[PDB]
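A.B. asks: Starting off with a structure, shown below.
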Amino acid sequence: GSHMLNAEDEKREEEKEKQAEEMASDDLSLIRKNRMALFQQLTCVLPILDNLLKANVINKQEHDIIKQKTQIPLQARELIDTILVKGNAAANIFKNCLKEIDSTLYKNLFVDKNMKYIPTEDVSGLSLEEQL
(Lines give C-alpha, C1' and ligand atoms only; values in the text may rest on other atoms or scores of the structure.)
Protein backbone atom coordinates (compact mmCIF):
# COMPACT_ATOMS: atom_id res chain seq x y z
CA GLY A 1 0.00 0.00 0.00
CA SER A 2 1.51 3.30 -1.13
CA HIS A 3 -0.37 5.14 1.62
CA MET A 4 -3.10 4.62 4.23
CA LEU A 5 -6.62 5.81 3.43
CA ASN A 6 -8.04 8.57 5.65
CA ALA A 7 -11.65 9.71 5.98
CA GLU A 8 -12.36 13.37 5.15
CA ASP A 9 -16.09 13.48 4.42
CA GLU A 10 -16.54 13.05 8.17
CA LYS A 11 -16.21 16.81 8.65
CA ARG A 12 -14.48 18.79 5.91
CA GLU A 13 -16.95 18.92 3.02
CA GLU A 14 -18.53 22.08 4.43
CA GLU A 15 -15.10 23.66 4.86
CA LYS A 16 -13.50 25.28 1.81
CA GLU A 17 -10.72 23.36 0.07
CA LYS A 18 -7.22 24.56 0.96
CA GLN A 19 -5.40 26.35 -1.88
CA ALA A 20 -1.73 25.90 -2.74
CA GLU A 21 -0.27 29.07 -1.23
CA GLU A 22 3.25 27.86 -2.02
CA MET A 23 2.45 27.70 -5.73
CA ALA A 24 0.97 31.21 -5.65
CA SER A 25 3.60 32.89 -7.82
CA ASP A 26 4.15 36.63 -8.19
CA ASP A 27 1.96 36.61 -11.30
CA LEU A 28 -0.95 35.96 -8.95
CA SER A 29 -0.21 39.22 -7.15
CA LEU A 30 -0.20 41.06 -10.48
CA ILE A 31 -3.54 39.50 -11.44
CA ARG A 32 -5.06 40.32 -8.05
CA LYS A 33 -3.82 43.90 -8.22
CA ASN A 34 -5.08 44.21 -11.79
CA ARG A 35 -8.32 42.61 -10.65
CA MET A 36 -10.07 45.98 -10.38
CA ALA A 37 -8.67 47.09 -13.72
CA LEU A 38 -10.01 43.96 -15.40
CA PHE A 39 -13.45 44.35 -13.83
CA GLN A 40 -13.46 48.12 -14.31
CA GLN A 41 -12.00 47.83 -17.83
CA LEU A 42 -13.68 44.84 -19.50
CA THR A 43 -14.23 44.44 -23.24
CA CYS A 44 -13.38 40.79 -23.97
CA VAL A 45 -15.14 38.72 -21.33
CA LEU A 46 -16.51 36.52 -24.11
CA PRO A 47 -13.18 35.54 -25.90
CA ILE A 48 -11.57 34.70 -22.55
CA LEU A 49 -14.64 32.79 -21.37
CA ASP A 50 -14.50 30.67 -24.51
CA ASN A 51 -10.83 29.85 -23.90
CA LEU A 52 -11.41 29.04 -20.23
CA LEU A 53 -14.46 26.94 -21.08
CA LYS A 54 -12.04 24.76 -23.05
CA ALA A 55 -10.60 23.29 -19.84
CA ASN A 56 -11.86 24.25 -16.39
CA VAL A 57 -13.92 23.15 -13.38
CA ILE A 58 -17.08 24.63 -14.90
CA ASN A 59 -19.04 22.44 -17.33
CA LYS A 60 -21.98 23.16 -19.62
CA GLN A 61 -24.08 23.92 -16.54
CA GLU A 62 -22.14 26.61 -14.68
CA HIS A 63 -21.15 28.06 -18.05
CA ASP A 64 -24.77 28.12 -19.27
CA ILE A 65 -26.00 29.59 -15.98
CA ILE A 66 -23.67 32.58 -16.34
CA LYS A 67 -24.83 32.75 -19.97
CA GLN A 68 -28.55 32.31 -19.29
CA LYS A 69 -29.64 35.62 -17.70
CA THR A 70 -26.35 37.26 -16.66
CA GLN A 71 -25.25 40.65 -17.97
CA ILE A 72 -21.60 41.42 -18.87
CA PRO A 73 -20.33 42.94 -15.54
CA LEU A 74 -21.41 39.85 -13.61
CA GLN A 75 -19.86 37.57 -16.22
CA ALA A 76 -16.51 39.17 -15.44
CA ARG A 77 -17.17 38.83 -11.71
CA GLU A 78 -17.82 35.10 -12.01
CA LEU A 79 -14.81 34.70 -14.29
CA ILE A 80 -12.60 36.39 -11.71
CA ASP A 81 -14.04 34.13 -9.03
CA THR A 82 -13.02 31.09 -11.12
CA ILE A 83 -9.43 32.38 -11.17
CA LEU A 84 -9.32 32.61 -7.38
CA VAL A 85 -10.46 29.00 -6.99
CA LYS A 86 -7.96 27.68 -9.54
CA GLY A 87 -5.21 30.03 -8.35
CA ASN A 88 -1.85 30.48 -10.05
CA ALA A 89 -2.84 27.34 -11.91
CA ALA A 90 -5.21 29.52 -13.94
CA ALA A 91 -2.76 32.41 -14.14
CA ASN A 92 -1.22 30.68 -17.14
CA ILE A 93 -4.59 30.26 -18.85
CA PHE A 94 -5.63 33.79 -17.94
CA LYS A 95 -2.34 35.18 -19.23
CA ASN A 96 -2.38 32.96 -22.32
CA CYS A 97 -5.89 34.12 -23.18
CA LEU A 98 -4.98 37.81 -22.91
CA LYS A 99 -1.80 37.26 -24.92
CA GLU A 100 -3.77 35.69 -27.76
CA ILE A 101 -6.91 37.83 -27.46
CA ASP A 102 -4.91 41.00 -26.83
CA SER A 103 -1.14 40.62 -27.20
CA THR A 104 -0.78 44.39 -27.00
CA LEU A 105 -2.51 44.44 -23.61
CA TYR A 106 0.08 42.03 -22.23
CA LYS A 107 2.87 44.36 -23.35
CA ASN A 108 1.18 46.96 -21.10
CA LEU A 109 0.17 44.68 -18.23
CA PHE A 110 3.10 42.51 -17.12
CA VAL A 111 5.70 44.33 -19.24
CA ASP A 112 4.90 48.00 -18.55
CA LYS A 113 3.60 47.01 -15.11
CA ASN A 114 1.62 50.27 -15.37
CA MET A 115 -2.14 49.83 -15.78
CA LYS A 116 -4.19 52.85 -16.85
CA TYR A 117 -7.31 53.93 -14.93
CA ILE A 118 -10.47 55.68 -16.14
CA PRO A 119 -13.62 56.78 -14.19
CA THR A 120 -16.18 54.74 -16.14
CA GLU A 121 -18.48 54.51 -13.12
CA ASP A 122 -18.86 58.30 -13.09
CA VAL A 123 -21.76 59.15 -15.43
CA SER A 124 -24.21 62.00 -15.95
CA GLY A 125 -27.36 62.75 -17.95
CA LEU A 126 -30.48 63.52 -15.88
CA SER A 127 -33.56 64.81 -17.70
CA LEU A 128 -37.00 64.21 -16.21
CA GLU A 129 -38.60 66.34 -18.92
CA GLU A 130 -36.41 68.83 -20.79
CA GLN A 131 -38.38 71.52 -22.62
CA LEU A 132 -36.02 74.50 -22.61
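We name chains A, B, ... following the order of the C-alpha coordinates; residues begin at 1 in each chain, and ligands are numbered from 1 as shown.
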Can you pull out every residue from chain A that DSSP, working from the backbone, puts in alpha helix (DSSP H), and format the result as a ChimeraX atom specification?
C.D. replies: /A:26-33,35-40,45-54,60-68,72-86,88-101,103-106
A.B. asks: So that each row is one residue of range 88-120 of chain A with an atom at most 8 Å from range 24-46 of chain A, can you give its shortest atom pair and the distance in Å to one decimal, using only C-alpha atoms, rows by chain and rising number, as a tab-separated table?
C.D. replies:
```
residue	atom	partner	partner_atom	distance
A:88	CA	A:24	CA	5.3
A:91	CA	A:28	CA	6.5
A:101	CA	A:44	CA	7.9
A:110	CA	A:30	CA	7.6
A:115	CA	A:37	CA	7.4
A:116	CA	A:37	CA	7.9
A:117	CA	A:37	CA	7.1
A:120	CA	A:40	CA	7.4
```
A.B. asks: Using only C-alpha atoms for the distances, tell me which of A:49, A:126, A:132, A:5 is nearest to residue 93 in chain A.
C.D. replies: A:49
